[PDB]
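Asks: What follows is a protein structure lacking sequence information:
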Ligand SMILES: Nc1nc2c(ncn2[C@@H]2O[C@H](COP(=O)(O)OP(=O)(O)OP(=O)(O)O)[C@@H](O)[C@H]2O)c(=O)[nH]1
Ligand SMILES: [Mg+2]
């Protein structure tokens, strides 16, 4: 069971890696403690297929507070994925970075957040605005040090009405606390 | 059973092989991997995690798994030791103070009973400054000849130039593949 | 045919209001 | 400001959960079921629960409760709107809303949940727009989400340009037991299935009373819609300026406007029912249905529900037009009529037995509700005047619309 799943996930075949990822996702939804296999799924994270990357990101987000020590092996992957040409991949990486409740991980995520704050893609801009609010809620001092308030304020006075609304909501949430 | 399909696949090339990228930080490992894969000196931030890439040469897929030399990532090299067939050690001849640390890390990584079939692959990185040693002084200092049951080979590769990478790849292919 | 009343074509605008 | 949107089941098991802020522990869902059970057994059950410092506000679905936990003073209306949008998205993607698709569409369900809301703030809710970036069978997100027009995907091309409208009427009557009608309101529903090429800007024009008064023609038959709720595509500023209904129709079927005005006319169907229920001996149902609607309109599929006794057995129906059947599951007599011409009068004489032993507890008097549906009959008298379909390329549209009159909350209080 667990050994077979680990062997399938540690293979060189994408057809077996996708099946292992799907089984791990189903086990977590079915109510199975799959946090023990978090380090094994870390190796099979940087994949070209977008179908398995989303599952890996969801597993990391749901298995981040449980194993914060094992989550240190994903900062480089997040940094690499934060510069992908596809807006969807960048938005997913930004959402996953802010969704991880790791004290030692949000500190190194300030640079990707700053880079994606001025992203031309409206989806990327909205993802960065959401991640800034998430980081401020997680760590207000880190957000203040990163100077994201000035970037958030300029978001309302720019184009992309959806992105402007998202930035306004993030600013209201930050000011609420 | 029948092995006709295997013979047909091997008639045009079937073996791929593997490789590892370990060493101290700022040792040219990322630059060496970029040169092997692309062929340009790409400047990158320090490897907080790891980099995984593949190189296609001589009909063998030489997959390279770059590993950083950070203190928090030094003990993480055991994660890639599972299902690993090759290992490449990147030395830092431009760091006299870090040479001892790199040698100690190589000895610690080579003192595991799980990593026994991985032949030694010493790459002389940063081979562009006059302070860099030769291909024998570094090996003598590291004691590569004292590694019993270890097939190590010291090769000097210049990160800026790229010379010696072909020789290292050929040596790795000869050590991995034992056919015509 | 169709239950609930047959569909009828609609105009383009108030032609009597200019 | 939802903290974690989760989907429950009928047995208390969480089919799927997706935390958005992480400020609420995932173990609080276990106490939601006991809290709901306690609230239901004491009459204090509400859609919004409260587990200490965390509130569990969710609605009841077909088979699972979409409970969304929250901790701060989050907007309850916003949470309800997000839940409704999620339910609509699930219905559009999955034809059935039950446990059969929750455990079978997890791969796409998780992606849809992640893309719909981030950090508790929803960003994308259009099913048509969301279907171009998240599919169960990924390219860059469409420019429609980033662009202002998020309800009409650009580049749509069709062989023909046909738009089908549906002016569905809802005749709701609240008739008290004294014979008078208390709540008699008619809510319009203009649902159109736009199927055109490009991104046309529809200019809806009707015989509104306000528009007729402004233009100076406030003397003909004009619909006096007390409340008009336009869709997202309809420009609020244009309607507020000079009653100009200009909007880009979406690709598919959607609700453009939803009129709602009171009705001061006589009911289309008048039910005169009597209850000659003997004391544990028998019961009589002298129910007579009078059609006050126009004779040119026929109320197809007329079903006047007459609530009979719950313990009544061996019932006999003596009617004139239409089949009368008693369903023990509903505990009422369904006066089903296939065709009900306007001005017709159907008389029925029910007769059912009753056990000698009296019931232990009272059962109440449910109101009698009719299911009349007369097509091609507009009670409010509102008629579509024009539909300005304008396209940059230039094409000849073929708009269509049909008027359907049905019964909404048309219940009659019993004696
Ligand atoms: N100019 C120059 N620098 C070199 C050369 N060889 C190695 N370096 C240094 O080595 C570093 C190589 O770092 P990377 O290519 O990003 O990857 P790395 O070797 O694993 O270093 P880390 O990422 O810190 O672990 C560069 O920053 C250079 O400063 C060389 O031939 N010329
Ligand atoms: Mg590197």
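Replies: Okay, I see it. Numbers count the residues shown, from 1 in each chain, chains lettered A, B, ... in the order given. Ligands and ions are numbered 1, 2, ... in the order given.
Asks: Only C-alpha atoms from now on, for both contacts and neighbour counts.
Replies: OK.
Asks: Backbone torsions only: list them for residue D:225.
Replies: Main-chain torsions, residue D:225, degrees, to the nearest 10: phi -80, psi 110.
Asks: what's it in contact with, if anything?
Replies: Residues counted as contacts of residue D:225 (Cα atoms under 8 Å, 6 or more residues apart in numbering or on different chains) are D:208-209, D:259-261.
Asks: switch the cut-off to 7 Å
Replies: D:259-261 (Cα atoms under 7 Å, 6 or more residues apart in numbering or on different chains).
Asks: Redo those as TSV? Include distance to residue A:95, secondary structure and neighbour count.
Replies: As requested, those are exported to TSV (distance: Cα to Cα, whole Å; DSSP: H, G, I helix; E, B strand; the rest coil; neighbours: other Cα atoms under 10 Å in any protein chain shown):
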residue	distance to residue A:95	secondary structure	neighbour count
D:259	40	strand	18
D:260	42	strand	19
D:261	45	strand	17
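Asks: Closest one of those residues to ligand 1?
Replies: residue D:259 (65.0 Å; Cα to the nearest ligand atom).
Asks: nearest residue to the residue nearest in space to the middle of chain B other than its sequence neighbours?
Replies: The residue lying closest to the centre of chain B (Cα atoms, centre = their mean) is residue B:88, at 1.9 Å. Nearest residue to residue B:88 in three dimensions, chain neighbours excluded: residue B:121, at 4.4 Å (Cα to Cα, 6 or more residues apart in numbering or on different chains).
Asks: ok, now how distant is the one you found from residue A:157?
Replies: 57 Å (Cα to Cα, to the nearest Å).
Asks: repeat for residue A:55
Replies: For residue A:55, the distance to residue A:157 - Cα to Cα - is 36 Å.
Asks: now do residue C:17
Replies: If you go by Cα to Cα, the gap between residue C:17 and residue A:157 works out to 41 Å.
Asks: same deal with residue D:218?
Replies: Counting by Cα to Cα - residue D:218 and residue A:157 are separated by 45 Å.
Asks: ditto for residue A:50
Replies: Taking Cα to Cα, one finds residue A:50 at 33 Å from residue A:157.
Asks: These two - which one has more neighbours?
Replies: residue A:50 (15 against 12; other Cα atoms under 10 Å in any protein chain shown).
Asks: Quick check: closest non-adjacent residue to the more buried one.
Replies: residue D:138 (6.4 Å).
Asks: for residue A:73, same thing?
Replies: Using Cα to Cα, 6+ apart, the nearest residue to residue A:73 is residue B:49, at 5.3 Å.
Asks: Give me the neighbour count for the one you found.
Replies: Residues near residue B:49, counting by other Cα under 10 Å: 21.
Asks: next one: residue D:8
Replies: With other Cα under 10 Å as criterion, residue D:8 counts 23.
Asks: show me what contacts the residue lying closest to it once chain neighbours are set aside?
Replies: Leaving aside its sequence neighbours, residue D:8 sits nearest to residue D:14 (Cα to Cα, 6+ apart; 4.1 Å). By Cα under 7 Å, 6+ apart, the contact set of residue D:14 is D:6-8.
Asks: With residue D:369 instead?
Replies: Contacts of residue D:369 (Cα under 7 Å, 6+ apart): D:304-305, D:410-412.
Asks: what residues does chain B put near ligand 1?
Replies: Residues of chain B lying close to ligand 1 (Cα under 6 Å from any ligand atom) are B:25-31, B:43-47, B:68-69, B:125-128, B:158-160.
Asks: hang on, residue D:386 in a strand?
Replies: Yes - judged by DSSP: H, G, I helix; E, B strand; the rest coil, residue D:386 forms part of a strand.
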